[PDB]
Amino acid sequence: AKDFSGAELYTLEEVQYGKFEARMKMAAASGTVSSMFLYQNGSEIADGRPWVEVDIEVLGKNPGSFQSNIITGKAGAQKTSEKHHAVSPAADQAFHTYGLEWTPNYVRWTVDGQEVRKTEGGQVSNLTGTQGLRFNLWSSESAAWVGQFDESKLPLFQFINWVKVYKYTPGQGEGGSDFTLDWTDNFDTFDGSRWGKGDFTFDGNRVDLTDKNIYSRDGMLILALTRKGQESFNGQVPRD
């Protein structure tokens, strides 16, 4: 297996459309990826099925920005639309509320309630089916994308204070809006009836995502990126 340990938190259930918010302080060092994303599980299987995914990824070499993306097409022939958005304070220096909205008509990205991207059109028409909400922390082998991996910066931690998921309820949300809050997880514990911890990896990722690196402490869920064999979190959870 691999020489580093990362983590992936994922909802056990997938949904069709919705609004998803996560209050997070992201991880960043050259070479890392710290994310929030919607994912249709199995998209990675190259049997001809479609790929359905929407991303927020902080690329470690540039902590003051995040990359947005929609991945459609299919495995081995993806259609993407990478864009970048400034975040202030930098993503690894403060908590921000990251939002994703996905409806039949558009996908929208927000930071602290402010829109940073809204996409319509072809890829949106191909985000069919369901997607679960996921968060992961890893390191990409593409130095051009994330920077050379600086192992001396390990361990790194991504903190998730809370998550809110809203159902798509067109014209029936508060004040005629299109979403209605469905559930909130404040992360006082790891709720195993709601979430799973990933134990797998993929090509281009130099880490094994492992359940060893998801921690529950002081009201937050913590994802860690560590050298293999150094899986621990003995720091202080930041205040939000």
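All residue numbers refer to positions in the sequence shown, first residue = 1.
Legend: mean Cα B-factor per stretch from the PDB entry, 93-101 versus 71-79; the higher mean is in 71-79. Of the two stretches examined, 131-139 and 116-124, the record assigns the greater average C-alpha temperature factor to 116-124.
As recorded in the entry, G64 carries the highest CA temperature factor of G196, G64, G31, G42. In this structure the maximum Cα B-factor among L181, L59, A46, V52 is found at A46. Compared with the other modelled residues of the chain, the Cα B-factor recorded for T11 ranks in the lowest third. When all modelled residues of the chain are sorted by CA temperature factor, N205 is found within the middle third. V146: CA B factor in the middle third of modelled residues in this chain (values from the PDB entry). Annotation for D188: C-alpha temperature factor in the middle third relative to the rest of the modelled chain, per the entry. Looking at the C-alpha B-factors along this chain, the one for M220 belongs to the highest third.
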